[PDB]
Amino acid sequence: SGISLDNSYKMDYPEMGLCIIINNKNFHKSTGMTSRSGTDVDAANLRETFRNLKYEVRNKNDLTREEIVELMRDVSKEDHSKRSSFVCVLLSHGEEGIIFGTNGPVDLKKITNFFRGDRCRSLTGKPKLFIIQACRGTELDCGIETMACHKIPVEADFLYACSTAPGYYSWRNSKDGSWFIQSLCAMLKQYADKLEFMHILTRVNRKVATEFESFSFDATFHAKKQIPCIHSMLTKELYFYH
Amino acid sequence: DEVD
């Protein structure tokens, strides 16, 4: 046949893949972590968004750190041979490199390691997307008025769509959901049939950066801004359509 | 508005 191009991930496997959504709203009293009002709005929005993209969505609520690790391990041991991709969404408290179970922290590297190129072989070469709504620290953004080869890296083909910049808090509205997840679902709804995923996430960055600003009776937390951060180790373009 |  004719000349062929391969700069995009193959997304026409029989199934798009799993979308695992871990929604941690209520935390054990002993941890002292506050309940995350509005996170159910995020979880429902993500479920509908990924359903329309033809993902097999599984929603999990209020998981302990042990349950998160066991879930991720079990999912990574499934046969994904017939699936194009894998998506995991984490909605919780966090700090840099850490996501909270209801009873304590989970190392993000531990979770993602289950899906490494050498450890989940049915996902080797396929995009593994981790979408994270959680704090990455406690900084606030004040804003400003305007030969060939035969191996691939085991860390290749991951993308971390993080709600906020490294070191910073991430904002969630108790009524509307988190700024990032609201924006992500809106941009996926409007553009998943039109734009490559990096370009969609860039529009999410713009929406969060331009349309939201915090309101607080506490001057320390008032009038603050947020920029999400895309961390891409993908090796091809990702279109949700084919 | 709340932080995570």
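By Swiss-Prot numbering, chain A shows 29-174, 182-277, in order.
Any Cβ shown, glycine's included, is placed from N, Cα and C.
The active site annotation in Swiss-Prot covers A:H121, A:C163. Residues or ranges marked as S-nitrosocysteine in Swiss-Prot: A:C163. Among the features that Swiss-Prot reports, (Microbial infection) ADP-riboxanated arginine is placed at A:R207, with the record citing experimental evidence.
Where Swiss-Prot records a feature, it is marked here on the structure.
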| residue | record | Cβ within 10 Å |
| --- | --- | --- |
| A:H121 | active site | 21 |
| A:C163 | active site | 25 |
| A:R207 | (Microbial infection) ADP-riboxanated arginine | 27 |
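Across the 7-residue gap left unmodelled in the deposited entry, the distance from the Cα of A:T174 to the Cα of A:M182 comes to 51 Å. Taking the C-alpha positions, the distance from A:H121 (active site) to A:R207 ((Microbial infection) ADP-riboxanated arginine) comes to 11 Å. Counting only the Cα atoms, the space from A:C163 (active site) to A:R207 ((Microbial infection) ADP-riboxanated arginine) is about 10 angstrom.
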